[PDB]
Amino acid sequence: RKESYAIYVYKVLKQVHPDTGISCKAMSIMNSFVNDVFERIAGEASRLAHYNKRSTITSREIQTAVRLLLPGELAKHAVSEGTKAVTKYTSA
DNA sequence: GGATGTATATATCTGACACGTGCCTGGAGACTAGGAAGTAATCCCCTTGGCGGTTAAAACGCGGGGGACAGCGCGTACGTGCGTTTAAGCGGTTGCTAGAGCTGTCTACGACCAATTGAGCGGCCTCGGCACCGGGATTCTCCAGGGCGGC
């Protein structure tokens, strides 16, 4: 009961590299990275909601936080990823 | 004798004080639930002062040469100044649209709560692969017999 991100990072690793392992320190670094990106995007979306006098955080605020924080092709590819995930989640 | 410098008085300009009003946001009073303080138990990590042994890192000394720094020359590129151009800055036209603010209505979306159950965490059993032990096949070193030579 430690509430980590290790199993999902492991499944993503088996998606991109099915025959590659990962050490415990590298897994801790990946968990810290996911937590850092989560709190950056959530803080930017919270600030965006407060700037526009909105009481809710929607996918638009998350999208704007992604386009604000992520640079270059990372931003547009993450927008395409999140957009098609939201489209798949809505239709079904 | 005429006009100029200077002092006191009066009207006007301007920042500041108080009065008035709305309104809406903070304060007063009451109630309630849960966040956090406190308590006890268990277990593992950290503290302080020691010992022993390995060993690789740290320290010290010394020679030498590479590099930092100073000086000098030179030539070029930037500062300085002036005359000319040009465009910024201001004021102005003329319509339309974007956007803030306010009011109003409504609806879909998210909070909330109860029941459920299935994905996450731990252990247990098994397989894939690596490794330990016993047995069979192949090649290397050696001891002895036969033949020849000498007195």
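Chain letters run A, B, ... following the sequence lines, proteins first, then strands; residues in each count from 1.
In this entry the distance linking CD of A:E3 with P of B:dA119 reads 17 Å, nearest Å. B:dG101 atom P lies 13 Å from atom CG of A:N52, rounded to whole Å. Straight-line distance from the NZ atom of A:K53 to the P atom of B:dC102: 12 Å, rounded to whole Å. B:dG110 atom P lies 15 Å from atom CZ of A:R60, rounded to whole Å. If you measure from atom CD of A:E61 to atom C1' of B:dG110, you get 14 Å, rounded to the nearest angstrom. One interatomic measurement links the two molecules: CD1 of A:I7 to P of B:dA119, which rounds to 11 Å at whole-angstrom precision. Atom P of nucleotide B:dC121 and atom OH of A:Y5 are separated by 12 Å, given to the nearest angstrom.
Within the structure, side-chain hydrogen bond (donor to acceptor under 3.5 Å, both in side chains) contacts touching residues 31-43 of chain A (residues at least two apart or in different chains) are A:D36-A:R40. Applying the side-chain hydrogen bond (donor to acceptor under 3.5 Å, both in side chains) definition to pairs two or more places apart or across chains, those involving residues 56-65 of chain A are A:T58-A:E61.
Every salt bridge (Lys or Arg N to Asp or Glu O under 4.0 Å) that A:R47 has, sequence neighbours left out, goes to A:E44. With sequence neighbours left out, the salt bridge (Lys or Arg N to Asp or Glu O under 4.0 Å) criterion links A:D19 to no other residue. Listed by chain and number, the residues in a salt bridge (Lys or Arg N to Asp or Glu O under 4.0 Å) with A:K84 are A:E81 (sequence neighbours excluded).
The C1'-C2'-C3'-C4' torsion of B:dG104 is negative. Its sugar is therefore classed as south.
Atom P of B:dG35 sits at a distance of 16 Å from the matching atom of B:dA114, rounded to the whole Å.
In this structure, A:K2 reaches the B:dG122 phosphate: one of its side-chain N or O atoms is under 4.0 Å from OP1 or OP2.
A continuous path of ILVMFWY side-chain contacts below 4.5 Å connects A:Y8 to A:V37, so both sit in one hydrophobic cluster.
For DNA chain B, runs of at least 3 consecutive pairs of the Watson-Crick or G-U wobble type, with both hydrogen-bonding distances under 3.5 angstrom, are absent.
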